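Colleague: these chains are from a complex, not moved at all, and more is on the way:
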Amino acid sequence: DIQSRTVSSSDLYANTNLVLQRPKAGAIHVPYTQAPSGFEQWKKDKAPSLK
Amino acid sequence: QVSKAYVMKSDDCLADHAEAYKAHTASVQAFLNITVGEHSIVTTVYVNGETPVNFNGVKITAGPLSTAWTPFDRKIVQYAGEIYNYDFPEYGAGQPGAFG
Amino acid sequence: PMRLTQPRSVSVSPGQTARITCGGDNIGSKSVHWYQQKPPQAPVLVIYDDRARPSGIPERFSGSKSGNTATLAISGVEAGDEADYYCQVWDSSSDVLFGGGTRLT
Amino acid sequence: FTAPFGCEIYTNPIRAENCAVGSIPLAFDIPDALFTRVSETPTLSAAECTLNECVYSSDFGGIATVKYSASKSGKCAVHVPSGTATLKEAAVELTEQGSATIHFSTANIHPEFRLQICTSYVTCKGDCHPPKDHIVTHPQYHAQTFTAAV
Amino acid sequence: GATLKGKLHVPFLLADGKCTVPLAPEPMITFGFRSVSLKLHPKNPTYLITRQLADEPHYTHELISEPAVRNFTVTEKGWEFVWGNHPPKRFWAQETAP
Amino acid sequence: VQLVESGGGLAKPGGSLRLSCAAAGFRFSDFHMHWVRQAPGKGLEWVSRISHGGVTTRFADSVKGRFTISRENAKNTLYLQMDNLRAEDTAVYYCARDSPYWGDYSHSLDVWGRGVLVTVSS
Amino acid sequence: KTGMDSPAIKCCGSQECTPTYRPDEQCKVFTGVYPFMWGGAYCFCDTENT
Amino acid sequence: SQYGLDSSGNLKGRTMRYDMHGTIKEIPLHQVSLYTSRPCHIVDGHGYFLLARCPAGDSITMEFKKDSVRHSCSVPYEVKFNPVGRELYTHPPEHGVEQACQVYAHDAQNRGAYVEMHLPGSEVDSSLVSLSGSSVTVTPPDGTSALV
């Protein structure tokens, strides 16, 4: 979902399906709906390692 | 020690309740935009073949809906702005632990 | 750095229009307030801006200014005008400053 | 969320709306005074039709130009007396002799239909190509028909 | 003896109101010949309720709690789905055979 | 709206005194306050001002570095600590209130106190 | 992590979605807001806020 | 116990009056905690009733402290969190779409719901009776009679 050529790289590709929504009436914030992190999700469903 | 207990409506029943209805027959009415030779009208026509809408001299009659059909069964329930098909017990047959 | 100069005493006739002048360096840009003051009584401001009067004060008073001079004009001189008058100016240098009282008679 | 025929459900009154079910047999009693003679209205002579574009699609993906030679400029209606093509527009404006554009949606892969226009009709015919997207976000506009042959 | 002396009202009764409810992340739709595949990544357990617009609704409702891919057939005569609290979405198929 | 002063009178050269000014009829916590003196026969002379929070205070050149101003907002009182008296400080001292309606930054004075005599002599 | 610039409220007037080049950014100009801060309503024009 | 009125029967913003062995004692409402699975937050109180914001659980407890002696009462009534809409959550979202839900309003006005108030039954009090000189003395509290 996010990917960079190196841990210190300055450029990163992001594709998270980020989409904005209206703020609640009278509230002050920038709400969004976004896919949960693919890295966490992979950690949840990762098959056991080659070891 | 004499003790007695009874059932009564919840205090919130005036605003949190389900309405058990019976639905018998259908009535079809449609909001239509009708133009005839640039004579245009926007109306609500009762689709029964009887009730006309007669603006500007042309008489429109929307016949009966060709395939009479309803999504409501004979006996329905309303709750929280949602309509359910449910065979609720007749008044006076309500059994415990179930609707009614 | 700025001194407000007014005539020390003024002679006027009742019923006519009279003027009391006030001058100083950089006075044109800075606001020139005007205060009416009988010698023993508390001061009461007659003109709070270059132009405008506060609420309740009679309409016969009006300030003015041009270039680097200012004026207090009294229409229809009254015995009630028979008192001292002061021109005030505020600046970031020295803050508030009043001039020499113009003794009306 | 379970009603047949895609009906929406509302509760005051209890009702269902937008049921794509059946058809309404409309009957129109048009007064005799509202009719206008053929002579008055613009009369079309020597028309030709050609499908400058056709996309067999749910929406009006089909375009056709009618070259016309009218007797007098003005406005008049256009239709297709058949279920093969359904037109977007009801009437068109004409200026002596020129060309006009008709939008339509079609079912036939090898379309052919009689475009009735202004006290005449022209036999539009052509070949048509498939649409772009598999799935669209609106319902059909063109009457389905059996013929979709080579 | 007789003991009832008065009635006293009960406050804090249920009342209707507008009420904030989450919106789950926009589903990733991929189209195919009479087919729609939804890739779904719910943040909280979401009810996917789908049905068809034909004579037989063939409705389904599922409580998706983990990421999923769900493929449904979209007939020429309509199909729709409501996922989470989003508005219902309609979809209609076309003839695009290879 | 009233400003009432107290504390002056007669004092000794080189000594200390106090002037106090109590306010009523407005929210005292918001407005700047001023002390302005007038010698017998001469015109007004600005003594000092305080800026309605204690953050800023200003004094004149002729009284620079000597005198002190403070204000207790909760108790609604303005204190001029009248220290290091001189003979020519003999004058009336007026407590005054800064005026709104100021337009450009100008420091008008709206309401004036009655004035307190201060005499410095052997 | 979903970085968020502060919502740049311009009230009783319109705005434009001035872009930059951050990774997968979204910018949108909501109309008809009426924000409340700890000290009260941010502005006064009931509509045409942005 | 009761909420919203003090020991003498006057109005008081946020306080609980409760009977302690025949004396109506008082305590501020913010001292009265309650929890179902996590701590709750008392939205308000009125009369016998208390509008609170609680999570779900299998039992609910209300407790406080007075005179350095803790008072508590835990009951097995189930408290349940009922999310609105078709997305199930345990805690309301920070943001989302507005939808209809029915909630216990912070509203004390006289709606169309009533409970009943009856004449209290006589309450036994053995503190009134004491032994003195091989005979039983019984001493009612001042101003209130006793049935022996």
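Modeller: Great, that's in hand. Numbers count the residues shown, from 1 in each chain, chains lettered A, B, ... in the order given.

Colleague: Which helix or strand contains residue 3?
Modeller: With no chain named, the answer covers chain A. Element membership for residue A:3 (DSSP states H and E) is strand A:2-4.

Colleague: and that strand, is it in reach of chain G?
Modeller: Yes: among the residues of strand A:2-4, residue A:2 lie within reach of chain G under Cβ under 8 Å from any Cβ of the partner chain. To be clear about C-beta, it is placed using only N, CA and C from the backbone, and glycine gets the same treatment.

Colleague: ok, residue F:103 - contacts?
Modeller: Residues in contact with residue F:103 (Cβ atoms under 8 Å, 6 or more residues apart in numbering or on different chains) are C:31, C:49.

Colleague: Quick check: the gap between it and residue C:63.
Modeller: Between residue F:103 and residue C:63 the distance is 13 Å, computed by Cβ to Cβ, to the nearest Å.

Colleague: Touching both of these two, which residues are there?
Modeller: The overlap between the contact sets of residue F:103 and residue C:63 (Cβ under 8 Å, 6+ apart) consists of residue C:49.

Colleague: Which residues of chain H lie near chain E?
Modeller: On the criterion Cβ under 8 Å from any Cβ, chain E has as its neighbours in chain H the residues H:44, H:46-47, H:49, H:51, H:83-89, H:92-93, H:95-111, H:113-119.

Colleague: actually chain D, not the one I typed
Modeller: Listed as neighbours of chain E in chain D under the rule Cβ under 8 Å from any Cβ: D:1-6, D:20, D:56-58, D:130-131, D:133-140, D:144, D:148.

Colleague: the helices in chain A, which residues?
Modeller: With DSSP state H, the ranges of helices along chain A come out as A:38-45.

Colleague: Buried residues of stretch D:8-18, list them for me.
Modeller: By neighbour count, and taking 16 or more other Cβ atoms under 10 Å in any protein chain shown as the criterion, the buried residues in stretch D:8-18 are D:9, D:16.

Colleague: How about residues contacting it?
Modeller: B:21, B:23, B:70-72, B:76, B:78, B:81-83, D:3, D:6-7.

Colleague: In ChimeraX, how would I select just the buried ones from those?
Modeller: This is how ChimeraX selects the buried members of the contacts of stretch D:8-18, with burial counted by 16+ other Cβ under 10 Å:
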select /B:70,71,72,76,78,83 /D:3,6,7
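
Colleague: May I see the contacts of stretch D:8-18 organised as JSON lines, with distance to chain C and secondary structure added?
Modeller: Putting those into JSON lines (distance: Cβ to the nearest Cβ, whole Å; DSSP: H, G, I helix; E, B strand; the rest coil) gives the following:
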{"residue": "B:21", "distance to chain C": "70", "secondary structure": "strand"}
{"residue": "B:23", "distance to chain C": "73", "secondary structure": "coil"}
{"residue": "B:70", "distance to chain C": "75", "secondary structure": "coil"}
{"residue": "B:71", "distance to chain C": "73", "secondary structure": "coil"}
{"residue": "B:72", "distance to chain C": "73", "secondary structure": "coil"}
{"residue": "B:76", "distance to chain C": "72", "secondary structure": "strand"}
{"residue": "B:78", "distance to chain C": "65", "secondary structure": "strand"}
{"residue": "B:81", "distance to chain C": "59", "secondary structure": "coil"}
{"residue": "B:82", "distance to chain C": "64", "secondary structure": "strand"}
{"residue": "B:83", "distance to chain C": "67", "secondary structure": "strand"}
{"residue": "D:3", "distance to chain C": "72", "secondary structure": "coil"}
{"residue": "D:6", "distance to chain C": "72", "secondary structure": "helix"}
{"residue": "D:7", "distance to chain C": "70", "secondary structure": "coil"}
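
Colleague: which one of the contacts of stretch D:8-18 is nearest chain H?
Modeller: For chain H, the closest of these turns out to be residue B:81, at 6.6 Å, with distances computed as Cβ to the nearest Cβ.

Colleague: ok, for that closest one, nearest residue in space, not its chain neighbours?
Modeller: What sits nearest to residue B:81 in space, not counting adjacent residues and going by Cβ to Cβ, 6 or more residues apart in numbering or on different chains, is residue D:11, at 4.9 Å.

Colleague: Chain I should join the structure above:
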Amino acid sequence: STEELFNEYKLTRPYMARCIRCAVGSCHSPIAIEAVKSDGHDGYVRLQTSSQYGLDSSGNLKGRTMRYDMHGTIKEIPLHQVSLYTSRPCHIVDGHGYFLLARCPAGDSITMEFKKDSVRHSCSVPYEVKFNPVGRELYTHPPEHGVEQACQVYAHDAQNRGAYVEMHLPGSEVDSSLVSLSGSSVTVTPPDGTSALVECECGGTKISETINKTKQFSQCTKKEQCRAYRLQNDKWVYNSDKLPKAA
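Modeller: So that you can see how it sits with the rest, here is chain I on the chains above:
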């Protein structure tokens, strides 16, 4: 020693921010939980809060304390008064800057509260706090004994490790305590030592002026009709979405 780690945070201030669940309803709390990171093991979590830690109200190093914004005034409280819980009481390990390292069990939401005078400020957010056990035996609480195994934990370490977040000039905070009625007109009175930006819709002519002394607008009659913005920006702030943006 540690003073070099605060030289950047000394230039910042705490701020109030929206919280969905305060003690009663959604409010503008002094402790707003912007982020709840729990990607480590053993239940350790790093909260980011609108309030600041490690430095007192005047910007000086004062260890185990919080400074938080209460209606424009930076107030202070010992960190041991603070409590927080996700599904069961957590424990405050350390706090530095905007961030708080704590130890928490699993939960569907996290609540943080403290009492000052007679008011209990609380803020609860629905961010899930995870308990990730290290290894192949899923413990809900770390064992009393066992073997040492590789793990990643939010260190009790405030030194600079190359990860940064941004400072931004704060937006002007509107404040209605600055505006009142006097002489049957709207009077605005900025706090001393600061400035206020006053924008009034009166007489069909917008008036927008900047003032540091009390001003009375003769053309305005209702205090709802004008707004006063607390124009103080000497101390910077994190660009939380809960604050307005500066120009």
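
Colleague: What about the contacts of stretch D:8-18 again, now that chain I is present?
Modeller: Counting by Cβ under 8 Å, 6+ apart, the neighbours of stretch D:8-18 from elsewhere in the structure are B:21, B:23, B:70-72, B:76, B:78, B:81-83, D:3, D:6-7.

Colleague: next one: that stretch to chain centre, how far?
Modeller: Once both centres are worked out by Cα atoms, centre = their mean, to the nearest Å, stretch D:8-18 turns out to sit 31 Å from its chain's centre.

Colleague: What of stretch H:111-129?
Modeller: With Cα atoms, centre = their mean as the basis, the distance from the averaged C-alpha position of stretch H:111-129 to the chain average is 15 Å.

Colleague: distance between the ends of it?
Modeller: The straight-line separation of the ends of stretch H:111-129 (Cα to Cα, to the nearest Å) is 46 Å.

Colleague: Could you confirm whether any residue of that stretch contacts chain B?
Modeller: Yes: when contact is scored as Cβ under 8 Å from any Cβ, part of stretch H:111-129 falls within range of chain B: H:111, H:112, H:113, H:115.

Colleague: Closest one of those to residue H:1?
Modeller: Within those, proximity to residue H:1 (Cβ to Cβ) peaks at residue H:115, which comes in at 15.3 Å.

Colleague: on that earlier part again, same for the strand holding residue A:3, what does it pack against?
Modeller: With contacts defined as 3 or more Cβ pairs under 8 Å, 6 or more residues apart in numbering or on different chains; DSSP states H and E, strand A:2-4 has these neighbours: strand A:12-14.

Colleague: Point me to the helix or strand that includes residue F:71.
Modeller: strand F:68-72.

Colleague: what residues does the strand holding residue A:3 touch?
Modeller: For strand A:2-4, the external contacting residues (Cβ under 8 Å, 6+ apart) are A:11, A:12, A:13, A:14, A:16, A:39, G:23.

Colleague: Tell me the one among those nearest to chain D.
Modeller: Closest approach to chain D among the contacts of strand A:2-4 (Cβ to the nearest Cβ): residue A:16, at 24.4 Å.

Colleague: from the chain's centre, how far out does stretch B:10-17 sit?
Modeller: Between the mean C-alpha point of stretch B:10-17 and the mean C-alpha point of its chain there is a distance of 22 Å (Cα atoms, centre = their mean).

Colleague: Could you do stretch B:48-61 as well?
Modeller: Its chain's C-alpha centre and that of stretch B:48-61 lie 25 Å apart, by Cα atoms, centre = their mean.

Colleague: List the buried residues of that stretch.
Modeller: Buried positions in stretch B:48-61, judged by neighbour count with 16+ other Cβ under 10 Å: B:53, B:58, B:60, B:61.

Colleague: Quick check on the third one: phi, psi?
Modeller: Think residue B:60. The main-chain torsion angles of residue B:60 are listed as degrees, to the nearest 10 and equal phi -100, psi 130.

Colleague: Specify the beta-bridge partners of it.
Modeller: When bridges are called by DSSP bridges, residue B:60 pairs up with residue B:53, residue D:28.

Colleague: which ones are touching it?
Modeller: Per Cβ under 8 Å, 6+ apart, neighbours of residue B:60: B:34, B:45, B:52, B:53, B:54, D:26, D:27, D:28.

Colleague: Excluding chain neighbours, what is closest to residue F:19?
Modeller: For residue F:19, the nearest residue in space outside its immediate sequence neighbours is residue F:80; the separation is 4.2 Å by Cβ to Cβ, 6+ apart.

Colleague: How about residue H:86?
Modeller: Among residues not flanking residue H:86 along the chain, residue E:47 sits closest, at 4.1 Å (Cβ to Cβ, 6+ apart).

Colleague: Do I have it right that the one you found meets residue E:86?
Modeller: No: the pair residue E:47 and residue E:86 fails to qualify as a contact (Cβ atoms under 8 Å) at a distance of 11.0 Å.

Colleague: Mind checking which residue lies nearest the centre of chain F?
Modeller: Residue closest to the average C-alpha location in chain F (Cα atoms, centre = their mean): residue F:35, at 2.3 Å.

Colleague: just checking, which of the residues of stretch H:111-129 next to chain B belong to strands?
Modeller: Among these, the ones falling in strands (DSSP state E) are residue H:115.

Colleague: Include neighbour count when you put the residues of stretch H:111-129 next to chain B into JSON lines, please.
Modeller: Converted to JSON lines, the residues of stretch H:111-129 next to chain B look like this (neighbours: other Cβ atoms under 10 Å in any protein chain shown):
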{"residue": "H:111", "neighbour count": "19"}
{"residue": "H:112", "neighbour count": "11"}
{"residue": "H:113", "neighbour count": "18"}
{"residue": "H:115", "neighbour count": "12"}
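
Colleague: Thank you, goodbye.
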